[PDB]
Amino acid sequence: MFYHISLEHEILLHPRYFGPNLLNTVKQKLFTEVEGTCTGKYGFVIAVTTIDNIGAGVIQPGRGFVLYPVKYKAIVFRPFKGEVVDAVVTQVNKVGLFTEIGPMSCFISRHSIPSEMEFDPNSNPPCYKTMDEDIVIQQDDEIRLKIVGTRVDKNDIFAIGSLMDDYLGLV
Amino acid sequence: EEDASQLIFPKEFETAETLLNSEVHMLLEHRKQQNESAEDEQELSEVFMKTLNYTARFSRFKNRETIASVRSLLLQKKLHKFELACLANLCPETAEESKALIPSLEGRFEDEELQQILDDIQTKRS
Amino acid sequence: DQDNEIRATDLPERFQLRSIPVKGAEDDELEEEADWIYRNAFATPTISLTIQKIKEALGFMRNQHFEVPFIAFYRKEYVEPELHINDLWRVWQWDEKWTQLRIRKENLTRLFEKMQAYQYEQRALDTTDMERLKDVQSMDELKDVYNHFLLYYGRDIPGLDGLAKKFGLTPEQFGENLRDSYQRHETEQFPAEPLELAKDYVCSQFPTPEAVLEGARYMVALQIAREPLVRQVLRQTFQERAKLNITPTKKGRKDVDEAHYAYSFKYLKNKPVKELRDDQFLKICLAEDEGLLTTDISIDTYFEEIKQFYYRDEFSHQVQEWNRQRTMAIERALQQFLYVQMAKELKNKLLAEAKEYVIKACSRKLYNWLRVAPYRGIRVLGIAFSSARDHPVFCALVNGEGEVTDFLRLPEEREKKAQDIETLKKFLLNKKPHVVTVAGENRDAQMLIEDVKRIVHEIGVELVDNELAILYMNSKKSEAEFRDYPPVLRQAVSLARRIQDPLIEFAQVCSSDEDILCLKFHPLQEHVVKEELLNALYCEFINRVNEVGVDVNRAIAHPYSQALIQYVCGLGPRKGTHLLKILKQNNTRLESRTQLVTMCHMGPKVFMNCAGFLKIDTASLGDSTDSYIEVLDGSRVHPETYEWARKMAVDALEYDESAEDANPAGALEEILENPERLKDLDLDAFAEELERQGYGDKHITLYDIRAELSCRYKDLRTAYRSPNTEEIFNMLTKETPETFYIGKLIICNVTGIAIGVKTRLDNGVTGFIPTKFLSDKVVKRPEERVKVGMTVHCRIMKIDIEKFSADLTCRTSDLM
């Protein structure tokens, strides 16, 4: 879920970057470091909104690098298990249904799908209709879900959805 | 242990500020407007794009003022901050749907009290 | 295990593989099948690239369980001259689409019936359940019928409608008007203006009665865009009048310049879809997927024409408001529902048509590969090589049966070449090969073939393409069959086997989908659906295998040929392998072909399908095998027609029907010694008498049963010609005539002034900058213009395919 928190980061700056463009360079160097990454503590960070303040540049003795502890205000995406969210169906397969929750994707097997939504591989589009073929749930549909499990894979989040709860379908 | 159904969140995330999908769409669009201009600048990543379309597919309202109003009418009650966004993005029709989808709404409020708020949400939907 | 029943069942192995199982017809659903297939598979496409015949073919396939080869090759009179092998394949492919559409229609009919029951328990369905579902001639309009159903009745699984109905001309009527192009249904006035009716419905969700107007217009737009009739009319409009607009993206303007494939359409404006070429739209969609180009499909207006119908004339000023509301409702519907979805549908159709053309091109190339004949078994010597810079050349003498007999390695330089030539001549004298084949890799093939010619004349020598040999070399099967040989030796054996017969080598080396896809059938092969391309290639293989017929007794004795009885009609991977296993276990080789069911357990339907397309080498048998031989088994003739052969032979010999001495076998065993006697028989009079006796029309079958007794498995392939100079040019160079874009920019390396400037291309093609640009014939050398040795990139202005010479350009003005 998208959130807004004030996070911090300390970046080391090479001496040649000194001069009138110094603080401008500090900002421009922070920008391209922490965007679109993910962590096991705060989760996926979407983008940085504003930079709170630059710390005082501590000249590291021995090397020319000066490190600036800079606090920033960014919007972060961390899903939790049991949250009910909306997503778009990306692929329908007999092995399972693939969705996409923003920067993270999930997957739903037939086990999590009650027997109503039966396979449709004979039709050109793989969908999951019912015996009467009224509720047709195919690719590219805003189908809600419930994250029943979270998993981060080397700075890449991967939750797992389900379809066991009622009112999980077309709005 | 971390299940938002029973409202258990880490300390780093308890004091965090919730955001609505339509709410973050405006911020992302503003950043897109900032970076698409100011040439001699890095272009936006595909992650930015896949969040743009994601929050654009679920924009219940596009007006800036419609956001603070729907949050003001919610913060006046005694709901949790976590219930602020999941109950403002999905926009359930009947209070029974909201209570069945969210286990924390069962027994937390009265049925008609919840449904009046749900009807308010449906009215504010454009 | 599924394989067990597949091998045990009585249907063709390829019939059980299909997703939609083949179920019998009724002769009334079969006629509808035929009509739908004829209309849909024989209708003009959107890009520039008898029903009784289809009825008969479908009846055969679905009731008689006759595979497309058995229909093409023994049911000609039913399908010919209007249906051929590829036509039958297309019909059987479209049968799957018909079955899918029919199952979808049945499911939707059951849904509509359940919904009618539910509503009767409580708009409604009166003729839509019949009119729409029954009249569904395509999957697309089936979506139009269903989605329209979902719009209204999708809410119930077990009041803005007031404004929409008070909007005049209910959506079905609007669809009728659009279909008729004139106001068939008049509009319905109201004794008020839109706002006053808005006050009634503006309560909670839409205060500010303009909001209820917006809601009502949105409802009307949904109802219009979901109406099946409006959908049909607008899809037709898109089909006929559709323009293609294309512009390059920021990533596209820079990296598409006279060498990127999308250069010709980097900028498009109102390009009608009717003018799209064979695979042009496939390339357009691939370029758009790469992100270097953006497109859109539209008609520009059409909205101005449409708005005239949902409209009223009088200027009362209380209908101008209604007219404006209706006009903007149609505008919204068209702009955000119909235009976008119709563009998506048209783009999908055009892309699928381009994919189909690419698949057809690959199929045609494979056909040309497999329709190249044997050579005139034969001892073939195959020479293969590589860059040759510190790398030897291997030649393999492959026996006529296809088994390699022996190999020879052929590794200051003048004497080494002389010794190599001497040893090659010694080998040729010792073991005289009928044909010497040189692989095709680069210019060195020409020198190799010329040296082989110089050797042989003191027996032909032909250049051979080297592309299936590379795949064989890299394949693990080459390692399996030859553990000791180096890879280049595998190329020699592959070349010899292919020259002996391409079909026997293509089927053996293209044993899997991945192996077949390794070949280069078309530049866009990788982008078409794997399933369709594989099906087309396997259909080509099946056609050529049944049109050749597979010799059984050689596939067993020489297991190299086992792969051919996979593509026999009626007789698949599992079935073919089971038949081979049975023959191997019984340790018996077919002296006779009606013996298939006698010694094996293959059902009547499979025997009927497969057995016409299996050869028996009756002239090759001897020793203990002489004990049992049916002489008709050595031919294309099938054991349902073996009485008509043994009447045709008796009649052609004028044997007295009243003589107890008219042995019908012995009459054939005189006709197969003297086949010229069959020319004196009037087959048309014989066929008219069989038809009178109630055996049906057999005119075309009797002409085959004559042509076949005149030559046992008469080969129809075009003989192994030598490749034309264009073929050699495109083979050794490894690029096509389109690749040699006259005016293309190429990086070439200058070698030395022989009066001109010799530049060696990376493509192995010599590049001669003309003396006109050089400007020095008897004047000082062109050293001032450029230093010898280095590389330059120039533009082609002439070609010498017969000599591998290409004009170049030095002036940057030509470069511009």
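Going by the header, the method for this PDB entry is cryo-EM, and the resolution given is 6.72 Å.

Secondary structure summary: chain C contains 37 helices and 15 strands in total. Referenced to the eigenvectors of the C-alpha coordinate spread, the extents of chain C come out at roughly 110 × 100 × 50 Å. The buried share among the 816 residues of chain C stands at 49%. On chain C, the mean spot of the 114 positive side-chain charges and the mean spot of the 136 negative ones are 7 Å from each other.

A few words now on the pattern of salt bridges. If you walk through the whole model with that rule in mind, you get 52 salt bridges over all chains. B:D111 is the salt-bridge partner of B:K99, the closest N and O atoms lying 2.9 Å from each other. Of the two residues, B:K99 is situated in helix 6 (residues 95–101) and B:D111 in helix 7 (residues 111–124); the sequence distance between them amounts to twelve residues. The class for B:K99 is buried, based on a relative accessible area of 11%. Under the relative-accessibility criterion, B:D111 is labelled partly exposed at 48%. Linked by salt bridges that have partners in common, C:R18, C:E29, C:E33, C:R62 and C:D95 make up one network.

Going through the model one piece at a time under the given rule, you end up with 36 aromatic pairs over all chains. An angle of 75 degrees between the planes, with centres 5.2 Å apart, marks the rings of B:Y54 and B:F58 as edge-to-face. For B:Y54, a relative accessible area of 8% corresponds to the buried category. For B:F58, a relative accessible area of 2% puts it in the buried group. Members of the aromatic cluster, each reached through a chain of ring pairs, are C:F60, C:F66, C:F70, C:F73, C:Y74, C:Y78 and C:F613. Here C:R123 stacks its cationic end above the ring of C:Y152, 4.4 Å away from the centre of that ring. Between C:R497 and the ring centre of C:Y560, over which it is positioned, the NZ or CZ distance is 4.3 Å.

With that out of the way, let us pick up the domain arrangement of chain A. All names here are of chain A. Each assigned domain of chain A is listed here: domain 1 (1–80) and domain 2 (81–171). Domain 1 and domain 2 are separated by 37 Å when their C-alpha centres are compared. When the residues that make up the side of domain 1 that touches domain 2 are grouped by side-chain class, the tally is seven nonpolar, no polar and one charged.

Going from C:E80 to C:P81, the amide bond is cis rather than trans, its omega being 0 degrees. The topology assignment puts C:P81 in the loop between helix 6 (76–79) and helix 7 (85–121). Residues other than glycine seldom take positive phi values, yet A:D140 does so here, at roughly 60 degrees. Notably, C:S775 is not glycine yet its phi reads approximately 70 degrees, a positive angle. One can find C:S775 in the loop between helix 36 (771–774) and strand 14 (791–795). C:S775 sits in the partly exposed class, given a relative accessible area of 47%.

So, about the environment of B:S69. The topology assignment puts B:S69 in helix 4 (residues 65–75). In sequence terms B:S69 and B:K124 are 55 residues apart; their C-alpha atoms lie 8.9 Å from each other.

All names here are of chain C. Closest axis-to-axis distance for the helix 33 (residues 683–692)/helix 34 (residues 699–710) pair is 9 Å, and the angle between their directions is 130 degrees. It follows that helix 33 is oblique to helix 34 by the angle criterion. Crossing of helix 33 against helix 34: the hand is right-handed. For the pair helix 33 and helix 34, contact is made by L683, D684, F686, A687, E688, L690 and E691 and by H699, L702, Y703 and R706, respectively. Of the residues that constitute the contact of helix 33 with helix 34, the class distribution is six nonpolar, one polar and four charged.

Residue and element names in this part refer to chain C. Counting buried residues in helix 31 (residues 642–652) gives eight out of eleven residues, a clear majority hidden from the surface. The inward-facing, buried residues of helix 31 abut helix 32 (664–671), helix 33 and helix 34. Looking one or two residues past helix 31, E654 carries a phi angle of roughly 50 degrees, positive in sign.

So, about the sheet that holds strand 1 (residues 243–247) of chain C. Residue and element names in this part refer to chain C. As summarised here, the arrangement of the three strands in space is 2-1-3, forming an open sheet in which the pairing is antiparallel. Strands with a single pairing partner mark the edges of an open sheet, and in this sheet they are strand 2 (268–272) and strand 3 (294–298). Taken pair by pair, the neighbouring strands of this sheet meet at an average axis angle of 20 degrees, ignoring direction. As judged from the three bridges shared by strand 1 and strand 2, these two strands associate in the antiparallel manner. If you follow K243 over to strand 2, its bridge partner there is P272. In this fold helix 16 (residues 280–289) packs onto strand 1, strand 2 and strand 3, with an angle of close to 130 degrees to the strand it touches most, strand 3.

Taken as a whole, the largest cavity holds about 180 Å³ of empty space. Taken together, 15 residues make up the lining of the largest cavity; nearest its centre are A:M1, A:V84, A:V85, B:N21 and B:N89. Within the residue set of the lining of the largest cavity, elements represented by two or more residues are strand 5 (84–92) of chain A together with helix 5 (83–89) of chain B. A class-by-class count of the residues in the lining of the largest cavity yields eleven nonpolar, two polar and two charged. Inspection of the lining of the largest cavity shows a minimum of three residues originating in each of domain 1 (1–80) and domain 2 (81–171) of chain A.

Across the contact, 16 residues belong to chain C and eleven residues belong to chain A. At the level of elements, helix 7 and helix 9 (139–153) of chain C are the ones that each hand at least two residues to the side of chain C that touches chain A. For the side of chain C that touches chain A, the element with the highest residue contribution is helix 7 of chain C, accounting for nine residues. Along the lines of polarity and charge, the residues of the side of chain C that touches chain A split into eight nonpolar, three polar and five charged.

It is worth spelling out the packing of helix 3 (residues 29–41) of chain C against helix 4 (residues 51–64) of chain C at this point. Residues and elements named next belong to chain C. For the pair helix 3 and helix 4, the least separation of the axes is 8 Å and the interaxial angle reads 125 degrees. In terms of orientation, helix 3 and helix 4 fall into the oblique class. Judged by the sense of rotation from one axis to the other, the crossing of helix 3 with helix 4 is right-handed. Contacts from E29, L30, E31, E33, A34, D35, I37 and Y38 of helix 3 reach helix 4 at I51, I54, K55, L58, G59 and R62. Here the residues of the contact of helix 3 with helix 4 are counted per class, giving seven nonpolar, one polar and six charged.

Strands pair in a sheet through their backbones, by hydrogen bonds, and they do so in one of two ways: parallel or antiparallel. All names here are of chain A. One open sheet holds the four strands; their spatial order is 7-6-5-10, and the pairing between them is antiparallel. Where the open sheet ends on each side, the last strands, each with one partner, are strand 7 (104–108) and strand 10 (142–146). Within the sheet, the average angular offset between the axes of one strand and its neighbour, ignoring direction, is 45 degrees. Sheet topology note: the strand 5/strand 6 (residues 97–101) ladder contains four bridges and is antiparallel.

What follows is about the interface of chain B and chain A. Each partner contributes residues to the interface: chain B has 38 residues there, and chain A has 38 residues. Counting only elements with at least two residues in the side of chain B that touches chain A, the list comes to helix 1 (11–14), strand 1 (17–18), helix 2 (21–36), helix 3 (46–56) and helix 6 of chain B. Among the residues making up the side of chain B that touches chain A, the classes are represented as 20 nonpolar, five polar and 13 charged. Sheet analysis places strand 1 (residues 2–13) of chain A next to strand 1 of chain B, joined by two bridges and oriented antiparallel. Bridge assignment links A:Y3 to a residue of strand 1 of chain B, and that residue is B:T18.

Calculation rules
- Residues numbered from 1 in each chain as written, not as in the entry; some residues may be left out.
- Chains lettered and ligands numbered in written order.
- Part of a larger assembly, values for the part shown.
- Heavy atoms only, no water.
- Residues with missing side-chain atoms left out of burial classes, pairs and counts.
- Helix = DSSP H or I, 4+ residues; strand = E, 2+ residues; numbered from the N terminus.
- Buried < 20%, exposed > 50% of the residue type's maximum accessible area, 1.4 Å probe, protein only.
- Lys, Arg positive; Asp, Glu negative; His and termini not counted.
- Charge placed at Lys NZ, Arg CZ, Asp CG, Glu CD.
- Salt bridge = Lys/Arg side-chain N within 4 Å of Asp/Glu carboxyl O.
- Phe/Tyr/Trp six-rings, centres within 6.5 Å; stacked < 30°, edge-to-face > 60°.
- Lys NZ or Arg CZ within 6 Å of the ring centre and 35° of its normal.
- Domains from an automatic or database assignment.
- Nonpolar A, V, L, I, M, F, W, Y, C, P; charged D, E, K, R; others polar.
- Axes fitted to C-alpha atoms, helices over the stretch in contact; angles between N-to-C directions.
- Parallel < 35°, antiparallel > 145°, perpendicular 65-115°, else oblique.
- Left-handed = near helix turned anticlockwise from the far one by under 90°.
- Contact = heavy atoms within 4.5 Å.
- Pairing = 2+ DSSP bridges.
- 1 Å grid on protein atoms, 1.4 Å probe; cavity = no way out; pocket = protein on both sides within 12 Å on 5 of 7 lines; lining within 4 Å.
- Points joined across faces, edges and corners; volume = space filled by probe spheres on them.

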